[PDB]
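S.K.: So I've got this experimental structure, pasted below with the sequence.
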Amino acid sequence: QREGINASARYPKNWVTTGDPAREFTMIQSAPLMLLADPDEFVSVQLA
Amino acid sequence: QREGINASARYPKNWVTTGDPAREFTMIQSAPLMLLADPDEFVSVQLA
Amino acid sequence: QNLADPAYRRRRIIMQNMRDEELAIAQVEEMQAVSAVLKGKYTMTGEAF
Amino acid sequence: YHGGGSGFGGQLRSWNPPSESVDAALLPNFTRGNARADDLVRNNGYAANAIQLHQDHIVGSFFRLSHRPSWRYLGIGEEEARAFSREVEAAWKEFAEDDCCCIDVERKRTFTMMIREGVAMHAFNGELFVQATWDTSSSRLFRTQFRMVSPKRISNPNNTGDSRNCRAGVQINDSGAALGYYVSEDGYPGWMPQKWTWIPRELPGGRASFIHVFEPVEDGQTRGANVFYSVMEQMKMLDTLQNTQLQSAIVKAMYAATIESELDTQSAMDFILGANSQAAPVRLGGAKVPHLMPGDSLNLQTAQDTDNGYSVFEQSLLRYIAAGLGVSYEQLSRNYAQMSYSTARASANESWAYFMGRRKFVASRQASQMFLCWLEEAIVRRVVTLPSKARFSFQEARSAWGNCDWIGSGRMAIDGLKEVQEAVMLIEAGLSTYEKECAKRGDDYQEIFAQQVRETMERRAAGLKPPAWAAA
Amino acid sequence: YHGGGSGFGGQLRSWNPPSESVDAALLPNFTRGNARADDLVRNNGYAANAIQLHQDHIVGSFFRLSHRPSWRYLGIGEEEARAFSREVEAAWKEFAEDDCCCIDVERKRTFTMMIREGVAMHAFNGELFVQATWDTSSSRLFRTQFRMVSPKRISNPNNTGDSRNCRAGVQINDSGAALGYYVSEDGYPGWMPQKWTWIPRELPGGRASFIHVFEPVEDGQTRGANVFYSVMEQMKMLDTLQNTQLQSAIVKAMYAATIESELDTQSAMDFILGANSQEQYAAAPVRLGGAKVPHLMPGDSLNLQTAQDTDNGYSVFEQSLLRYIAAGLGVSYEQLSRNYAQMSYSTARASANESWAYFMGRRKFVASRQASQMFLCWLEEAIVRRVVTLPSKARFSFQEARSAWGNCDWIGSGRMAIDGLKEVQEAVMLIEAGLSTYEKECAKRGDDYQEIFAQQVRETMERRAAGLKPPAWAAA
């Protein structure tokens, strides 16, 4: 919310912690879910 | 290194730890090394 | 008399802290320089180094 | 300096705005801001009034062209420049004012309507986008067509996060200059865009393919912001206050009287009201004098004043909104209190300054860009003829060739006689020319002169008294 | 002198502000002050109104050039000076108003809009910064471009502390001058790091590569303070009062009436208000049509609440606060609040005169200095590339006397008077006597006299050619 990014794709952020040993991290997080509006337009056979 | 500074002298900084008494620190770090090219150009004597 | 608000007194201790840090760095550099002249060698040692 | 401190008595110990660039303070909630601005435009009496005032003052009812190429710079002479200007003006007039509306691809607008809609789009969204394309299969003289694009349609592909080079669908090179705009595609029987296409701003040949117009304020501003941000909140709260006051007045005036008695529900209305039932609708004929037993009663309520000081509060808020938007208070609210001539003229001057500035920047830049984009094709298709021995060709110096000035509608004076006396007194002395005074009224002096010579010829061929402008 | 002591009855006992230099009073809270000013400008009705007045009255819709080189000092002559002026004016007129907007690197602003933004930034930030750059790839006639810099970008390197020579990134030599500015590189994504660059104020030999314009309030200022600092507190508290009053009015007007009864929660509403119990914790809604008379049992009751005046004196307090704010900012009360109550001609003309004095002062100092410096920066490359030719037998070359070779005065849009006939009759009366020239009277209209003379001498020819009556101004 601090940079207003909400309900989007692959929100990245790059931050640095504090203290005498300072370390920098990098992270991107998403909420990915795939859905089919009509479950039935496919037939998936197994062959042999 | 994020700011782009390397092999400098006396890089300063400060930060706030947001801890229960708060606190704002200060720091200098240099990594010095004083070297001599020709070591026996001098003569050292004790004068007991 | 006069005096300053508490916000201002935070801007003086910081300055003298930075001055003290710089003076300590300068003394370290000076000892490092001098020890390489009196004798051919010097050793950098510390409690956590 | 108490501005940047704690405040008077510590009151401002919590007001700590973040010092942030306009891109960092406008982009994250841009779509919501535009949606709220459009919501106000579609559903309030005053927002639509402000939009209509913008359109009808800045542009008017006709947006005319005056072509003045820099002849000296090109070293082409006077008469060839005038002939070229006349031919280009004739061709443009014949193309822009077609009644079948073939200038735009949608075939829904003419030229003046397109410029008016551009100004309106700048009014509530802060920026206008125009796309210039060619239609190959057409069988007309000119293949140029201009299509408007709504500012909501420019967005990042696949709604991915913004980068250092691409902010809000505008890809940016090393400097702040833009290269190309990602335009979506609208699927109406649905929701949210689904296909994004790349459109380069300028063709490799230097011709214009995408037009972007807005006014920045800070150093780096990828996309512009509307004019409503100062008064979006007060407008909505005024709307809520108005509706709540109206409902409260309706409710308070509804309960006309009150019956209190120990009998049944029906018998009280039978006996005190007179509404026969034998709940009970009353017949509104005559005047009635009920008779009450000691236990009964009947009270006629007294409601509060319908407008208890609401009008002056509306006046204050409306003045605030008018200050924010740009139009003067009387134009926005239709108030027109009792005032003298000098105050009215002063306020009209205050509005006209801003309107003239907006006309000279927004509409003028848009129309100049469109005119140059059209002029390149004309010169190529040899509809017009370039003067010979020109120092530069068309491509080398585009602006020198297409240098033009646009004329809109003129101001309507409070007193007609005084402005005419102004024109005649200025003309009598040397302080002004006929071109300016004919442009102040919204006319081209050359056409007036040709019409005057034709009129005096017609009068002479008919046998009437000669006019004043003809010389014996 | 009681002013320097305790006061009347000791009321000023605590009022002991320290006497400190201007930098030590401004800089420690500079970023917060600029941020608060920006917040006020973005989200207040009156602040944007004041900024728009500044932009549109100081500059207008066109900022016209008048090149008037000092021919007498240079020892050159008259006719070649006029030819040089004409050629330079034509070159500039083509350069500035290109509709490709190529004067700046961002390709977003023309000359006039650049100056308007400069006045705007000077109005609420206290300083404006313009950088002159070059492009090697560009093949146009002129390589000179002007990039505007936001005052936020200019700060210390890597956020180090202030020193004797460096204050807020404006490096200072022994005197009060400035040598170079530390400019950061800001990114719209908030995570990427920022890098600081050192840009000198003067190029090695002659040219200025970074422009800084402001009005020093005092002696030792390095970065000036904007004009809101006097009256930001009042604006924010006025906004708070406005919002609170509006919300209070809505709350007071919302509660139309009150029901007092001892029955069920629903039976009372059914029997008194006149709702519908209906056949098929939510509020049962009444129907607004009609005039109803409820029948109350001894227990029940009905109360039609009476609310206070929705505007109990708020307009007059708004008037006082707005007069204060207008006095602080410099614009008159009429031009700020859009009140424009009844007032005679004398009062209106006096108020407009008082506002116009300040506007003329701002135009003469801020925008004029910025425009002249940018014009000289362009004229450097104009002379170097031999686009224009200097007069021969000159006492000096271009480098030695920059001001004299590029001396210029700018013409902006004039004042639109309250009355029509009076001003023009006044101008004619002045022309008839010797008290004024044609240049002075044409400039008050925002027009250059030579252009009017050329248009009139063309119009006489046009009128003669077609058979019309010769104009009044023509010579027999």
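M.R.: The structure has been received and is ready for your questions. Residues are numbered from 1 along each chain as shown, chains lettered A, B, ... in the order given.
S.K.: Just give the number of residues close to residue A:39.
M.R.: Using other CB atoms under 10 Å in any protein chain shown, residue A:39 has 7 other residues around it. C-betas here are computed from N, CA, C, even on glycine.
S.K.: Just say helix, strand or coil for it.
M.R.: At residue A:39 the chain is in coil, as set by DSSP: H, G, I helix; E, B strand; the rest coil.
S.K.: What of residue D:298?
M.R.: What three-state DSSP gives for residue D:298 is strand.
S.K.: Bridged to it, which residues?
M.R.: Residue D:298 has these beta-bridge partners by DSSP bridges: residue D:259.
S.K.: swap in residue A:28?
M.R.: Counting by DSSP bridges, the residues bridging with residue A:28 are residue A:12.
S.K.: So what's the residue count around it?
M.R.: Residues near residue A:28, counting by other CB under 10 Å: 11.
S.K.: Could I get the contacting residues of it?
M.R.: Applying CB atoms under 8 Å, 6 or more residues apart in numbering or on different chains to residue A:28 gives the contacts A:10, A:11, A:12, A:13.
S.K.: Let me see the contact set for residue 44.
M.R.: All of this refers to chain A. Contact analysis of residue A:44 by CB under 8 Å, 6+ apart lists nothing.
S.K.: wrong chain, I was asking about chain D
M.R.: By CB under 8 Å, 6+ apart, the neighbours of residue D:44 are D:235, D:239.
S.K.: The nearest residue to residue D:157 once chain neighbours are set aside sits in which helix or strand?
M.R.: Closest residue to residue D:157 apart from its sequence neighbours, by CB to CB, 6 or more residues apart in numbering or on different chains: residue D:196 at 4.2 Å. Here residue D:196, judged by DSSP states H and E, is contained in strand D:195-200.
S.K.: Walk me through which strands that strand pairs with, and which way each runs.
M.R.: Assessed with DSSP bridges, strand D:195-200 is paired to strand D:178-185 (antiparallel).
S.K.: For the partner strand, which outside residues touch it?
M.R.: The contact list for strand D:178-185, computed with CB under 8 Å, 6+ apart, reads D:129, D:131, D:149, D:153-157, D:166, D:169-173, D:193-201, D:210, D:212, D:222, E:107.
S.K.: right, and residue D:274 touches residue D:290 too?
M.R.: Yes - applying CB atoms under 8 Å as the test, residue D:274 and residue D:290 come out as touching, 6.9 Å apart.
S.K.: more crowded one of the two?
M.R.: Neighbours per residue, other CB under 10 Å: of residue D:274 and residue D:290, the larger number sits with residue D:274, 14 against 11.
S.K.: distance of the closest residue to the more buried one other than its chain neighbours from residue D:193?
M.R.: Once flanking residues are discounted, residue D:274 sits nearest to residue D:288: 5.1 Å by CB to CB, 6+ apart. Residue D:288 is 68 Å from residue D:193, where distance means CB to CB, to the nearest Å.
S.K.: Pick out whichever of the two has more residues nearby.
M.R.: Neighbour count, other CB under 10 Å: between residue D:288 and residue D:193, residue D:193 has more, with 17 against 10.
S.K.: burial measure for residue D:103, as a count.
M.R.: Residues lying near residue D:103 (other CB under 10 Å) number 21.
S.K.: same question but for residue D:450, I mixed them up
M.R.: Applying other CB under 10 Å, we find 12 residues neighbouring residue D:450.
S.K.: Repeat that for residue D:22.
M.R.: Residue D:22 has 21 nearby residues by other CB under 10 Å.
S.K.: For chain A, which residues are neighbours of chain D?
M.R.: A:3, A:4, A:5, A:8, A:9, A:10, A:11, A:12 (CB under 8 Å from any CB of the partner chain).
S.K.: go again using 6 Å as the cut-off
M.R.: Within chain A, the positions adjacent to chain D are A:3, A:4, A:9 by CB under 6 Å from any CB of the partner chain.
S.K.: Just the buried ones from those, in ChimeraX syntax?
M.R.: Per 16 or more other CB atoms under 10 Å in any protein chain shown, the buried members of the residues of chain A next to chain D correspond to this ChimeraX selection:
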select /A:3
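S.K.: Might you report the residue contacts of whichever residue of chain A sits closest to chain C?
M.R.: Residue nearest to chain C within chain A: residue A:20 (11.1 Å; CB to the nearest CB). Under the criterion of CB atoms under 6 Å, 6 or more residues apart in numbering or on different chains, residue A:20 has no neighbours.
S.K.: And the residue of the stretch 251-400 of chain D closest to chain A?
M.R.: For the stretch 251-400 of chain D, CB to the nearest CB, closest residue to chain A: residue D:324, 24.0 Å.
S.K.: That residue should be in a helix, yeah?
M.R.: Yes - counting by three-state DSSP, residue D:324 is found in a helix.
S.K.: Is it correct that it is in contact with residue D:230?
M.R.: Yes - at 3.9 Å, residue D:324 and residue D:230 qualify as touching, with contact defined as CB atoms under 6 Å.
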